[PDB]
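*Asks:* This is the structure I want to talk about, given as C-alpha cells.
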Amino acid sequence: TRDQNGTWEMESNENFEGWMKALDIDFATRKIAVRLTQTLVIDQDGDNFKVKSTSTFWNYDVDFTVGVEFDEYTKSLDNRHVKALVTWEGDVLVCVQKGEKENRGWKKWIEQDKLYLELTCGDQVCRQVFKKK
Ligand SMILES: *C/C=C(\C)c1ccc(-c2ccc(N(C)C)cc2)s1
C-alpha cells in the first residue's frame, strides 16, 4: 500500500546515533536524542503530505507534494539547505535531499501493517519501525 496516513509510534530504532553523527549534530544533542522514543504523524491526501516528527526534545515538520522538487532548510535538525524531492518507487516513498551530504534522504514503506523508515546520510543508515492504529 501507498497509504501512509496515521499516527505512528516508534517500536524500534537502530543506528539513530550514526545517522545524527553523519549530519554533524553536536555531541550533547545526539546523546540526549538517541535515548528518545518518537512519534511520526502523517496526513496524506493524494500527492500531498504533511508530516510531523516529534519527541520530548524536538519538533520537525515538513509539507511536500510527491513529484515536486522543493528547496528546504532543515531547520532544527542540522540547519542546512537542500533540494528535496519525494517520489514513489513502487510502494516505497523515497526522499532525496541534494546538498552538502551524499546519499541523504529517506525511504518509507508500509510492509507489515507497521511503518518502516530508513534515514540515510553518507555511509550511515538508521532503521526505524513504527506501529499505527
Ligand atoms: C516522512 C518522514 C519524515 C519527514 C521524517 C522522519 C524522521 C525525521 C526526523 C528525525 C529526527 C529529527 N531530529 C530533529 C532529531 C528531525 C526529523 S523527518
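A note on labels: chains of the C-alpha cells are A, B, ... as shown, every chain counts residues from 1, and ligands are counted from 1 in their shown order.
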Would you mind listing what lies within 7 Å of residue 132 (chain A) as a list in words, with only C-alpha atoms counted and same-chain residues fewer than 6 positions away left out?

*Replies:*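 Counting only the stated atoms, we get residues 6, 7, 8, 9 and 114 of chain A.
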
*Asks:* Take the residues that were just selected and, keeping N, CA, C and O atoms, output them as a PDB file, in the first residue's frame.

*Replies:*
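Final output, out27.pdb:
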ATOM      1  N   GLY A   6      -1.568   8.251   9.284  1.00  0.00           N
ATOM      2  CA  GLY A   6      -1.728   7.769  10.636  1.00  0.00           C
ATOM      3  C   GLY A   6      -0.866   8.490  11.636  1.00  0.00           C
ATOM      4  O   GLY A   6      -0.014   9.332  11.295  1.00  0.00           O
ATOM      5  N   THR A   7      -1.110   8.150  12.895  1.00  0.00           N
ATOM      6  CA  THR A   7      -0.236   8.499  13.990  1.00  0.00           C
ATOM      7  C   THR A   7       0.585   7.257  14.253  1.00  0.00           C
ATOM      8  O   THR A   7       0.029   6.208  14.585  1.00  0.00           O
ATOM      9  N   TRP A   8       1.894   7.377  14.090  1.00  0.00           N
ATOM     10  CA  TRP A   8       2.821   6.261  14.103  1.00  0.00           C
ATOM     11  C   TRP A   8       3.719   6.411  15.328  1.00  0.00           C
ATOM     12  O   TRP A   8       4.375   7.435  15.518  1.00  0.00           O
ATOM     13  N   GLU A   9       3.757   5.376  16.154  1.00  0.00           N
ATOM     14  CA  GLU A   9       4.530   5.384  17.401  1.00  0.00           C
ATOM     15  C   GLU A   9       5.692   4.440  17.273  1.00  0.00           C
ATOM     16  O   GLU A   9       5.539   3.294  16.886  1.00  0.00           O
ATOM     17  N   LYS A 114       2.655  -1.795   9.724  1.00  0.00           N
ATOM     18  CA  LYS A 114       3.597  -1.006  10.523  1.00  0.00           C
ATOM     19  C   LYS A 114       4.202  -0.074   9.480  1.00  0.00           C
ATOM     20  O   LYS A 114       4.100  -0.368   8.293  1.00  0.00           O
TER      21      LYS A 114
END

*Asks:* Can you pull out every residue from region 34-90 of chain A that DSSP, working from the backbone, puts in strand (DSSP E or B), and format the result as JSON, numbers by chain?

*Replies:* {"A": [39, 40, 41, 42, 43, 44, 45, 48, 49, 50, 51, 52, 53, 54, 59, 60, 61, 62, 63, 64, 65, 70, 71, 72, 73, 81, 82, 83, 84, 85, 86, 87, 88, 89]}

*Asks:* Residues of the last selection are to be written out with N, CA, C and O atoms, as a compact mmCIF listing (two decimals), in the first residue's frame.

*Replies:*
# COMPACT_ATOMS: atom_id res chain seq x y z
N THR A 39 7.43 9.90 17.71
CA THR A 39 6.17 9.75 17.00
C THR A 39 6.31 10.41 15.63
O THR A 39 7.05 11.39 15.45
N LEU A 40 5.61 9.84 14.66
CA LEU A 40 5.55 10.41 13.31
C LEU A 40 4.08 10.51 12.94
O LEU A 40 3.40 9.49 12.91
N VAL A 41 3.57 11.71 12.69
CA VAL A 41 2.19 11.89 12.28
C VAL A 41 2.18 12.26 10.81
O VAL A 41 2.87 13.20 10.39
N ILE A 42 1.46 11.48 10.01
CA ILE A 42 1.41 11.65 8.57
C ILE A 42 -0.03 11.90 8.15
O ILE A 42 -0.92 11.08 8.41
N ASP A 43 -0.26 13.03 7.49
CA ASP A 43 -1.52 13.35 6.85
C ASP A 43 -1.26 13.32 5.34
O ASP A 43 -0.44 14.08 4.85
N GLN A 44 -1.94 12.44 4.61
CA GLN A 44 -1.66 12.19 3.20
C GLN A 44 -2.96 12.26 2.43
O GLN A 44 -3.92 11.53 2.74
N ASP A 45 -2.99 13.11 1.42
CA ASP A 45 -4.14 13.24 0.54
C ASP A 45 -3.62 13.33 -0.88
O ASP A 45 -3.06 14.34 -1.27
N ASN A 48 -0.26 15.02 -1.67
CA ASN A 48 0.06 16.00 -0.66
C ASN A 48 0.26 15.38 0.71
O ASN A 48 -0.64 14.73 1.26
N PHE A 49 1.42 15.63 1.28
CA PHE A 49 1.78 15.14 2.60
C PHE A 49 2.07 16.28 3.56
O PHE A 49 2.71 17.29 3.20
N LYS A 50 1.63 16.09 4.79
CA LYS A 50 2.02 16.92 5.93
C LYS A 50 2.52 15.96 6.98
O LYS A 50 1.77 15.07 7.41
N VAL A 51 3.78 16.12 7.38
CA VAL A 51 4.43 15.17 8.28
C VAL A 51 5.00 15.92 9.47
O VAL A 51 5.58 17.01 9.32
N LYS A 52 4.86 15.32 10.64
CA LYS A 52 5.32 15.87 11.91
C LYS A 52 6.13 14.80 12.62
O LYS A 52 5.58 13.75 12.91
N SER A 53 7.41 15.05 12.87
CA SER A 53 8.25 14.18 13.69
C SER A 53 8.39 14.81 15.06
O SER A 53 8.74 15.98 15.15
N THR A 54 8.09 14.06 16.10
CA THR A 54 8.17 14.60 17.45
C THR A 54 8.78 13.63 18.45
O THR A 54 8.71 12.41 18.29
N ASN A 59 10.71 19.04 17.49
CA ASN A 59 9.61 19.10 16.55
C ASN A 59 10.19 19.44 15.17
O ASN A 59 10.91 20.44 14.99
N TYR A 60 9.90 18.58 14.20
CA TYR A 60 10.39 18.74 12.85
C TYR A 60 9.22 18.44 11.92
O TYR A 60 8.80 17.29 11.80
N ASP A 61 8.69 19.49 11.31
CA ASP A 61 7.50 19.40 10.46
C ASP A 61 7.88 19.72 9.04
O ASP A 61 8.70 20.61 8.80
N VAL A 62 7.29 19.01 8.09
CA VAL A 62 7.54 19.28 6.69
C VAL A 62 6.31 18.91 5.89
O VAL A 62 5.65 17.90 6.16
N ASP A 63 5.98 19.77 4.94
CA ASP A 63 4.92 19.54 3.98
C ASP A 63 5.52 19.42 2.59
O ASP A 63 6.44 20.17 2.25
N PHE A 64 5.05 18.47 1.80
CA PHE A 64 5.56 18.33 0.44
C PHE A 64 4.52 17.66 -0.44
O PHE A 64 3.53 17.07 0.03
N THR A 65 4.74 17.81 -1.74
CA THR A 65 3.94 17.17 -2.77
C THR A 65 4.81 16.19 -3.52
O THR A 65 5.88 16.55 -4.03
N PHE A 70 11.43 20.74 -4.02
CA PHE A 70 11.31 21.91 -3.16
C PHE A 70 12.63 22.21 -2.45
O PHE A 70 13.32 21.29 -1.99
N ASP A 71 12.99 23.49 -2.43
CA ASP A 71 14.12 23.96 -1.63
C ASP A 71 13.70 23.95 -0.20
O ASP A 71 12.60 24.39 0.14
N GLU A 72 14.56 23.40 0.64
CA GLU A 72 14.24 23.15 2.02
C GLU A 72 15.40 23.57 2.93
O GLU A 72 16.56 23.37 2.59
N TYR A 73 15.05 24.19 4.05
CA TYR A 73 16.00 24.41 5.13
C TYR A 73 15.69 23.35 6.16
O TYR A 73 14.51 23.14 6.50
N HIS A 81 20.69 23.89 3.91
CA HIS A 81 19.83 24.00 2.75
C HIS A 81 20.05 22.82 1.83
O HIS A 81 21.18 22.48 1.49
N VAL A 82 18.94 22.22 1.40
CA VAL A 82 18.97 21.13 0.46
C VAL A 82 17.87 21.32 -0.58
O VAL A 82 16.93 22.09 -0.40
N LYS A 83 18.01 20.61 -1.69
CA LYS A 83 16.98 20.49 -2.71
C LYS A 83 16.33 19.13 -2.57
O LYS A 83 16.98 18.11 -2.80
N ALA A 84 15.08 19.12 -2.15
CA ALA A 84 14.38 17.89 -1.79
C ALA A 84 13.37 17.45 -2.83
O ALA A 84 12.74 18.27 -3.50
N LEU A 85 13.24 16.14 -2.97
CA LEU A 85 12.27 15.57 -3.88
C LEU A 85 11.81 14.25 -3.33
O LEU A 85 12.65 13.42 -2.94
N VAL A 86 10.50 14.06 -3.27
CA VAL A 86 9.89 12.84 -2.77
C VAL A 86 9.09 12.19 -3.88
O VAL A 86 8.25 12.86 -4.52
N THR A 87 9.38 10.92 -4.16
CA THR A 87 8.77 10.18 -5.25
C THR A 87 8.51 8.73 -4.84
O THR A 87 9.00 8.27 -3.80
N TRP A 88 7.71 8.03 -5.62
CA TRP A 88 7.41 6.62 -5.38
C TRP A 88 8.32 5.74 -6.21
O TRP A 88 8.47 5.96 -7.43
N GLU A 89 8.85 4.70 -5.57
CA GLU A 89 9.44 3.56 -6.23
C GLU A 89 8.59 2.38 -5.81
O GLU A 89 8.75 1.85 -4.72

*Asks:* Given only C-alpha atoms as the basis, pick out the residue of A:13, A:91, A:47, A:97 nearest to residue 33 (chain A).

*Replies:*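 Of A:13, A:91, A:47, A:97, the one nearest residue 33 (chain A) is A:13, counting only C-alpha atoms.
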
*Asks:* Let me make sure I understand: among A:125, A:23, A:92, A:77, which one has the smallest atom-to-atom distance to ligand 1 if we use only C-alpha atoms and all ligand atoms?

*Replies:*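 Comparing A:125, A:23, A:92, A:77 against ligand 1, the winner is A:77.
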
*Asks:* Find the residue from A:123, A:69, A:100, A:26 that sits nearest to ligand 1; use only C-alpha atoms and all ligand atoms when measuring.

*Replies:*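 Once distances to ligand 1 are computed over only C-alpha atoms and all ligand atoms, the minimum belongs to A:26.
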